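Structure file work-v4.csv (CSV, C-alpha atoms) is printed below.
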```csv
chain,number,residue,atom,x,y,z
N,1,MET,CA,32.9,10.6,7.4
N,2,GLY,CA,34.0,8.0,9.9
N,3,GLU,CA,33.3,4.7,11.6
N,4,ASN,CA,30.8,6.0,14.2
N,5,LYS,CA,31.8,9.5,14.5
N,6,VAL,CA,28.7,11.6,14.6
N,7,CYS,CA,28.5,15.3,15.4
N,8,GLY,CA,26.2,16.6,18.1
N,9,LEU,CA,23.2,14.6,18.4
N,10,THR,CA,20.9,14.9,21.4
N,11,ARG,CA,18.4,12.3,20.4
N,12,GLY,CA,19.2,9.0,22.1
N,13,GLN,CA,17.2,7.2,19.5
N,14,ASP,CA,19.5,8.7,16.9
N,15,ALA,CA,22.7,8.6,18.9
N,16,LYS,CA,22.2,4.8,19.4
N,17,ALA,CA,23.0,4.3,15.7
N,18,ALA,CA,26.6,5.3,16.4
N,19,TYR,CA,26.7,3.3,19.5
N,20,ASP,CA,25.3,0.4,17.6
N,21,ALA,CA,28.0,1.0,14.9
N,22,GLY,CA,30.5,0.3,17.6
N,23,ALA,CA,30.1,2.6,20.6
N,24,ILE,CA,33.7,3.3,19.9
N,25,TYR,CA,33.6,7.1,20.0
N,26,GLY,CA,31.7,9.9,18.4
N,27,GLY,CA,32.9,13.1,16.7
N,28,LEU,CA,31.2,15.9,18.4
N,29,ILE,CA,32.3,19.4,19.2
N,30,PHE,CA,31.2,21.5,22.2
N,31,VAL,CA,29.1,24.1,20.6
N,32,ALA,CA,26.8,25.6,23.2
N,33,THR,CA,23.3,24.0,22.9
N,34,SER,CA,23.6,23.1,19.2
N,35,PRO,CA,21.8,20.0,18.0
N,36,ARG,CA,24.6,19.5,15.5
N,37,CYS,CA,27.4,19.8,18.0
N,38,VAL,CA,27.2,18.5,21.5
N,39,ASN,CA,28.4,20.1,24.6
N,40,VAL,CA,29.1,18.7,28.0
N,41,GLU,CA,25.5,19.1,29.0
N,42,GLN,CA,23.9,17.1,26.2
N,43,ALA,CA,26.7,14.6,26.2
N,44,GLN,CA,26.0,13.6,29.8
N,45,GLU,CA,22.5,12.9,28.8
N,46,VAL,CA,23.5,11.2,25.6
N,47,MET,CA,25.8,8.8,27.5
N,48,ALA,CA,22.7,7.6,29.3
N,49,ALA,CA,21.2,6.6,25.9
N,50,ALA,CA,24.2,5.5,23.9
N,51,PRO,CA,27.4,4.8,25.9
N,52,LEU,CA,29.7,6.0,23.2
N,53,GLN,CA,33.0,7.7,23.9
N,54,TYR,CA,33.4,11.4,23.2
N,55,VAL,CA,36.0,13.6,21.6
N,56,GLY,CA,36.3,17.4,21.5
N,57,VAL,CA,37.6,20.0,19.1
N,58,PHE,CA,38.2,23.3,20.8
N,59,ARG,CA,40.5,26.3,21.0
N,60,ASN,CA,40.1,27.1,24.5
N,61,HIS,CA,41.5,29.9,26.4
N,62,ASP,CA,41.5,28.2,29.8
N,63,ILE,CA,43.1,24.8,30.2
N,64,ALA,CA,40.9,24.0,33.2
N,65,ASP,CA,37.9,24.3,31.0
N,66,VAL,CA,39.3,21.7,28.7
N,67,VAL,CA,40.2,19.5,31.7
N,68,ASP,CA,36.7,19.9,32.9
N,69,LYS,CA,35.2,18.4,29.7
N,70,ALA,CA,38.0,15.8,29.5
N,71,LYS,CA,37.1,14.7,33.0
N,72,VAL,CA,33.3,15.2,33.1
N,73,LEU,CA,32.4,13.3,30.0
N,74,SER,CA,35.6,11.4,30.0
N,75,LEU,CA,37.0,12.1,26.6
N,76,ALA,CA,39.4,10.1,24.5
N,77,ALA,CA,40.9,12.8,22.6
N,78,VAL,CA,40.7,16.5,22.2
N,79,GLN,CA,41.6,18.5,19.3
N,80,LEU,CA,43.5,21.6,20.0
N,81,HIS,CA,43.8,24.3,17.4
N,82,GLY,CA,47.4,24.9,18.0
N,83,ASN,CA,47.0,28.4,16.6
N,84,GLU,CA,46.0,29.6,20.1
N,85,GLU,CA,49.6,29.4,21.5
N,86,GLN,CA,52.6,27.0,21.2
N,87,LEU,CA,53.2,26.4,24.8
N,88,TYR,CA,49.6,26.1,25.6
N,89,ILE,CA,49.4,22.7,23.8
N,90,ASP,CA,52.5,21.7,25.8
N,91,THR,CA,50.5,22.5,28.9
N,92,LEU,CA,47.3,20.6,28.0
N,93,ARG,CA,49.0,17.2,28.1
N,94,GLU,CA,50.2,17.9,31.6
N,95,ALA,CA,46.7,18.5,32.9
N,96,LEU,CA,45.0,16.0,30.8
N,97,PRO,CA,45.6,12.4,32.0
N,98,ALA,CA,46.7,9.7,29.5
N,99,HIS,CA,43.1,8.6,29.3
N,100,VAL,CA,42.4,11.6,27.2
N,101,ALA,CA,44.7,12.3,24.3
N,102,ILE,CA,45.3,15.3,22.1
N,103,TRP,CA,45.0,15.5,18.4
N,104,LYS,CA,46.2,18.4,16.5
N,105,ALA,CA,43.7,19.9,14.1
N,106,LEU,CA,45.7,20.2,10.9
N,107,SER,CA,44.1,22.9,8.9
N,108,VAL,CA,44.4,22.5,5.2
N,109,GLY,CA,46.9,25.0,4.1
N,110,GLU,CA,49.0,25.9,1.0
N,111,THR,CA,52.0,24.3,2.6
N,112,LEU,CA,52.1,21.1,4.6
N,113,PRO,CA,54.4,21.6,7.6
N,114,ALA,CA,56.2,18.6,8.8
N,115,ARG,CA,56.0,19.7,12.4
N,116,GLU,CA,53.8,22.3,14.0
N,117,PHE,CA,52.8,20.9,17.3
N,118,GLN,CA,53.9,17.4,18.3
N,119,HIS,CA,53.5,15.1,21.3
N,120,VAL,CA,50.0,14.8,20.1
N,121,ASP,CA,48.4,11.4,19.7
N,122,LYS,CA,47.0,11.9,16.2
N,123,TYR,CA,46.8,14.4,13.4
N,124,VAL,CA,43.4,15.1,12.1
N,125,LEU,CA,41.8,17.7,9.8
N,126,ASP,CA,40.4,21.0,10.9
N,127,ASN,CA,36.7,20.8,11.7
N,128,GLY,CA,36.4,24.2,13.2
N,129,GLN,CA,36.5,26.2,10.0
N,130,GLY,CA,39.8,27.5,8.7
N,131,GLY,CA,42.5,27.0,6.1
N,132,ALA,CA,45.2,28.9,7.9
N,133,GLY,CA,46.7,29.2,11.3
N,134,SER,CA,43.9,31.1,13.0
```
Whole structure, structure tokens version:
Amino acid sequence: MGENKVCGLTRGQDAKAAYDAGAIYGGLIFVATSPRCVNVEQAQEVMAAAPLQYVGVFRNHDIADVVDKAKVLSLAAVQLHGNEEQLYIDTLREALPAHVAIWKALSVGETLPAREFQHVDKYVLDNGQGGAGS
């Protein structure tokens, strides 16, 4: 678990608990209309209830769609599943301003690679299901 990192919560009365915990940032992923994973749409509502900062974990095809979220909600970080493509990650940081960072979702594998994708702000675990590079 974490400091105040809660997964999609669309109840302001509920979300305020993380904001009250620090309003630092929450740990939500953009799963379309899930009450366990918040997407841009709930988040924008949620930020009117509990002004907590947002993060995202997504293997996106389009960089502009990541930029969209990074901009709209104003994220802090975004977790890229580097498995999508190597140069893709290298591209994200160019589009994404220094206000939003990138963390590399390190999936738990049999081997621990020293370097997979770097120039990322932080290394975190995989929260998108997987124990391999897929």
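For region 88-105 of chain N, the list of residues within 7 Å, based on only C-alpha atoms and with local chain neighbours fewer than 4 positions off taken out, reads residues 63, 67, 70, 75, 76, 77, 78, 79, 80, 81, 82, 120, 121, 122, 123, 124, 125 and 126 of chain N.
The two atoms in question, CA of residue 59 (chain N) and CA of residue 128 (chain N), are spaced 9.1 Å apart.
Of the listed residues N:34, N:83, N:60, N:42, the one whose atoms come nearest to residue 15 (chain N) is N:42, with distances taken using only C-alpha atoms.
Here the question is which of N:12, N:2, N:130, N:35 gets nearest to residue 50 (chain N) using all atoms listed in the file, and that residue is N:12.
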With distances taken over all atoms listed in the file, which of N:32, N:64, N:112, N:23 is nearest to residue 47 (chain N)? N:23
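Coordinates place CA of residue 69 (chain N) at a distance of 12.2 Å from CA of residue 28 (chain N).
Restricting the calculation to all atoms listed in the file, the smallest distance between residue 14 (chain N) and any of N:111, N:54, N:46, N:37 is found for N:46.
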Using all atoms listed in the file, the residue out of N:113, N:8, N:22, N:27 with shortest distance to residue 43 (chain N) is N:8
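Straight-line separation from CA of residue 9 (chain N) to CA of residue 38 (chain N): 6.4 Å.
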